[PDB]
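Heavy atoms only: backbone and side chains are in, while hydrogens, waters and symmetry mates are out. Sequence lines set the chain letters: A, B, ... in the order given, protein chains first and strands last, and positions in each chain run from 1.
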Amino acid sequence: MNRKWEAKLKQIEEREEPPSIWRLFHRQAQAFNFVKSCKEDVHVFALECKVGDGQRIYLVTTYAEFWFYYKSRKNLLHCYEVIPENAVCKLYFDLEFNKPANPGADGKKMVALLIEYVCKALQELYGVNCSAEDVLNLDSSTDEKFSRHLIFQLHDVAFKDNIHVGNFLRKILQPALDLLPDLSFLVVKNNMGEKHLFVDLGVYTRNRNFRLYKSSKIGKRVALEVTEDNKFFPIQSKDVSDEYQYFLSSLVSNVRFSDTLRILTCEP
DNA sequence: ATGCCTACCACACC
DNA sequence: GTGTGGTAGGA
Ligand SMILES: Nc1ncnc2c1ncn2[C@H]1C[C@H](O)[C@@H](COP(=O)(O)OP(=O)(O)OP(=O)(O)O)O1
Ligand SMILES: [Ca+2]
Ligand SMILES: [Ca+2]
């Protein structure tokens, strides 16, 4: 209620060919206005400008059409998915830690330990069954930063929205947050030596952008790619490429339609 | 013409 | 030691 008000208060302050939808907007609110008026299943992507800052331009189109002009990786570099507020979404993680500050850290093993804990939490709290085979593991690491994105592919399950995902993780990670069951493997140090969590809990905000599979930040050149030890394999289909399957799986807001979907909620 | 909002501190107040 | 409130900085 107070979330919408500020959203529209800032909007006034800053105020035959084949079927193809490809609309750009300078403001995020305009893009979502178009989505509400479009009868097709279109979504909002955030595109970083040539400027060095985090200035974004917003694209609206379908997943199929976006992938058409995106897969070559010649154009549409540095793209982000906009996770809409109040939209059902998958369980996803942003994992980071500075390598110099953590010499003994084995990120590959912290990830495995994290997945096991989260899978146990989902079982005890929601009766949801899942394992590492249901977790799309993406990597964007460099010499200086260990970086991974995890996107859970739960069978006929989703969270009410990404805010509720955050509430779920803050709840089950409260032990680790106190260090700042034994969750100490999640504790890492940043460039200044301050103890932080291996799980970045700041990416569960309204309209959070989330770097797309095979995209990099405008400053760098390292793009998100399926990790070497990734264990989620989409069901192969003769009608779509494997890469498109991974793309769809990687989209946090692309909740597969199911006639028996369970929606998980979690309040603060 | 990007969006979002927590960690942090200064200040009452008890 | 609780309670707001007001802002700069990171994602
Ligand atoms: N300045 C910004 N404005 C808007 N959204 C942002 C901004 N910075 C980051 N985000 C969003 C997009 C990112 O995918 C997400 C997580 O940020 P962050 O972890 O810093 O980068 P990343 O996880 O995409 O790559 P990496 O972690 O490897 O640098 O938050
Ligand atoms: Ca990250
Ligand atoms: Ca992060």
Side-chain angles (χ1 to χ4, degrees), chain A residues 1 4-5 7-9 12 23-35 43-49 52-60 76-87 89 92-98 101 138-142 145-151 161-171 173-174 176-180 186-190 193 195-213 215-219 222-224 252-253 267-268:
Chain A
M1 299 74 71
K4 177 266 167 189
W5 288 356
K8 187 53 156 142
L9 280 167
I12 55 156
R23 292 282 305 274
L24 297 203
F25 304 90
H26 269 104
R27 291 329 209 172
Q28 195 183 256
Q30 288 192 108
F32 278 106
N33 276 26
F34 186 68
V35 175
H43 305 267
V44 174
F45 302 88
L47 290 69
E48 269 181 344
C49 315
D53 58 358
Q55 275 184 45
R56 262 92 160 152
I57 64 185
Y58 301 112
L59 162 69
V60 174
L76 296 167
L77 282 59
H78 327 280
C79 291
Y80 302 73
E81 160 182 31
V82 179
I83 301 158
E85 48 185 346
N86 307 132
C89 74
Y92 65 108
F93 287 84
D94 186 44
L95 311 180
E96 312 172 333
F97 71 77
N98 176 263
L138 303 185
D139 183 290
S140 184
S141 294
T142 67
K145 187 171 182 177
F146 176 93
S147 185
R148 301 269 180 93
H149 284 189
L150 308 184
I151 308 96
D161 61 40
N162 71 331
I163 304 291
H164 287 243
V165 175
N167 293 344
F168 165 72
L169 296 179
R170 275 182 289 272
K171 182 193 194 91
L173 298 179
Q174 195 54 243
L177 292 164
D178 301 338
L179 281 297
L180 301 190
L186 296 170
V187 179
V188 304
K189 315 200 146 70
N190 67 355
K195 279 183 159 179
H196 274 245
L197 282 197
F198 175 49
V199 172
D200 172 16
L201 288 166
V203 304
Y204 306 103
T205 57
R206 299 169 104 67
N207 301 321
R208 165 65 48 181
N209 313 350
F210 206 65
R211 186 147 56 93
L212 290 193
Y213 177 50
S215 282
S216 59
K217 282 159 142 164
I218 196 52
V222 59
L224 280 154
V252 165
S253 282
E267 321 284 357

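When the nucleotides B:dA1, B:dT2, C:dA11 are ranked by their closest atom to the side chain of A:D53, B:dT2 comes out on top. In this structure, of B:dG3, C:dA11, B:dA1, it is C:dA11 that holds the atom nearest to the side chain of A:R208. Among the nucleotides B:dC5, B:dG3, B:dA1, the one closest to any side-chain atom of A:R206 is B:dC5.
Rounded to whole angstrom, the span from the CD atom of A:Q30 across to the P atom of B:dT2 amounts to 13 Å. To the nearest angstrom, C1' of B:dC5 lies 16 Å from OH of A:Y204. Taking atom CG of residue A:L201 and atom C1' of nucleotide B:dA7, one finds them 14 Å apart after rounding to whole Å. In this structure, A:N98 places its CG atom 12 Å from P of C:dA11, rounding to the nearest Å. Here the P atom of nucleotide C:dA11 and the CD atom of A:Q55 are 19 Å apart, to the nearest Å. In this structure, A:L9 atom CG and B:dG3 atom P are separated by 14 Å, rounded to whole Å. With rounding to whole Å, A:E48 atom CD is found 12 Å from B:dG3 atom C1'. B:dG3 atom P lies 13 Å from atom NZ of A:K8, rounded to whole Å.
For A:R27, a side-chain nitrogen or oxygen approaches OP1 or OP2 of B:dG3 to under 4.0 Å. At B:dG3, none of the side-chain N or O atoms of A:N207 fall inside 4.0 Å of OP1 or OP2 (strictly under the cut-off).
The shortest non-hydrogen separation linking A:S216 to A:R211 is CA-NH1, 3.5 Å.
At least one donor-acceptor pair under 3.5 Å links the side chain of A:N162 to the backbone N or O of A:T205. Under a 3.5 Å cut-off, the side chain of A:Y92 and the backbone N or O of A:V203 do form a donor-acceptor pair.
Between B:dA1 and C:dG10, the distance separating the two P atoms is 22 Å to the nearest Å.
Nearer the 5' end of DNA chain B, as judged by each residue's closest nucleotide, is the contact made by A:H26, out of A:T205 and A:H26. Residue A:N209 is the one, among A:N209 and A:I163, whose nearest nucleotide of DNA chain B lies closer to the 5' end (criterion: closest heavy atom).
Rounding to the nearest 0.5 Å gives a distance of 13.0 Å between CZ of A:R208 and SG of A:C89.
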Could you go over nucleotides 6-9 of chain C and give all protein N or O partners under 3.5 Å, atom names and distances?
none

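Under the side-chain contact (heavy atoms from CB on, under 4.5 Å) criterion, A:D161 pairs with A:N86, A:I163, A:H164, sequence neighbours left out.
Judged by the sign of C1'-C2'-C3'-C4', the sugar at B:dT6 is south, the angle being negative.
We find that A:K145 and A:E96 are joined by a salt bridge, their nearest charged nitrogen and carboxylate oxygen being less than 4.0 Å apart.
Ring centroids of A:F146 and A:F97 are separated by less than 6.0 Å, placing the two rings close together.
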